[PDB]
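Quick heads-up: it's one chain on its own, the form deposited without the named molecule, in structure tokens.
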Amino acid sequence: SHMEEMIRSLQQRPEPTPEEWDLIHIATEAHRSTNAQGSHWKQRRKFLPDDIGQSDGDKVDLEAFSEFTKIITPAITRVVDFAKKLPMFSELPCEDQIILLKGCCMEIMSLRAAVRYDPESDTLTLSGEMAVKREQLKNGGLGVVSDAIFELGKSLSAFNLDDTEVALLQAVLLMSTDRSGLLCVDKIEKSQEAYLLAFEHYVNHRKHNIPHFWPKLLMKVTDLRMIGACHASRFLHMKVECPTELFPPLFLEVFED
């Protein structure tokens, strides 16, 4: 950290262009509208009871699993609905839309839960409705991914992210070419770079009193990708241990193969 304050004073921190403010407002309203309770979630959230996810070495609590899979079909649907509201997504072929959602769905869901972290109760709130402790989400299926989402939630309290920063982060996660099978690779790659640049410029506009904010927020993309990859491993475990009848059709569609 030699000459850090001057180097910081010397960086170019451009605001968003008129064309970038189009993406930002559209994305922000796509997020807000598909995060319905997002205004009033803290005021009217039901805590999942203390007996539900309580206490071999890695068996799933089916009562807790059942409570999560009851709400998950709307949760997945909120993500699909978010993607549909972005212009560069809806134009894509059907096979690409599927691949992009299969890749990012848990990444987005986890981000949304983590921004609803409450330091007071040590709880995440899921889909604006269901407040859960770490132990409950762990034993209900997620295992170590529970610990990872909570650790992300705690670390994002400092970042004071608004609806726009969350929205653009979701858009960056959605428009990744890291998945196999995509036809329209260039149109997606070009869309991501447009969101990334718009996002950096909005972060410049916000002026957080936090050193290296933008690099630090980019490290959270890696955290979310690790959540997504690790969840794929847990979903196999869930499919082995939990009865099939507890998996909704949309849940199976998004996370199999």
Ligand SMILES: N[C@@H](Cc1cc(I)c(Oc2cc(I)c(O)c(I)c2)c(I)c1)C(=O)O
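Residue positions are given as counts along the sequence shown, with the first one as 1.
Keep in mind that the form deposited with the named molecule bound is not shown, yet the notes after this line are about it.
Annotation: pocket open; no atom of the named molecule, superposed via site C-alphas from its pose in the deposited complex, falls within 2.4 angstroms of a backbone or C-beta atom. Of the candidate stretches 203-211, 184-192, 42-50, 22-30, only 184-192 has residues whose heavy atoms lie within 4.5 Å of the named molecule in the deposited complex.
Residue contact with the named molecule in the deposited complex: residue 218 places a heavy atom within 4.5 Å of it. In the deposited complex, the named molecule sits within 4.5 Å of a heavy atom of residue 176.
Between this form and the other one, the CA-CA gap for residue 213 and residue 9 widens by 3 Å or more, being larger in the deposited complex. Relative to this form, in the deposited complex the C-alpha atoms of residue 155 and residue 9 separate from one another by 3 angstroms or more.
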